[PDB]
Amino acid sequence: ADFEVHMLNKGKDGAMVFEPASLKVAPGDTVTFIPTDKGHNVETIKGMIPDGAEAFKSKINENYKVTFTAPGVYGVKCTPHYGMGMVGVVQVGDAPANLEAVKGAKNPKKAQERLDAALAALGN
């Protein structure tokens, strides 16, 4: 299945957001990160990817399609706007084994506030 996440300068949750910021997909599903506004990219957050997965970092302004392979929770950020809280979470599959490990990862305050809310929206 294919899903879309939009990168926006402003949305319901404030400035510099991914919409949706919380998504559950099946293993092997694809998610396209779309540059609705210019100046954004997507990158995995250190300490927030599951075993067997590889980190990724898209280029500013590109439409980036990712096929999620290893199951688990992935924390993603926009590189230039990470300190402003532009982050999201993608859960791949049921019963993510790294869920408790991702909750302990360190992030700047504004990103942590939004990651905690996105993680809780998946069923904590």
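When you see a residue number, it is the position in the sequence shown, counting from 1.
Asker: Out of 99 to 107 and 10 to 18, which stretch has the higher average CA B-factor listed in the record?
Answerer: Averaging CA B-factors over each stretch, the winner is 99 to 107.
Asker: Which is higher on mean Cα B factor in this entry, 38 to 46 or 61 to 69?
Answerer: It is 61 to 69 that shows the higher mean C-alpha B-factor.
Asker: Choose from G52, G83, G93, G75 the residue with the greatest Cα B-factor as stated in the PDB record.
Answerer: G52 has the highest C-alpha B-factor of those listed.
Asker: Split the chain's modelled residues into thirds by Cα B-factor; is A118 in the lowest, middle or highest one?
Answerer: It falls in the bottom third of the chain.
Asker: Using the temperature factors of the C-alpha atoms in this entry, rank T79 within its chain: lowest, middle or highest third.
Answerer: CA B-factor rank for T79: lowest third.
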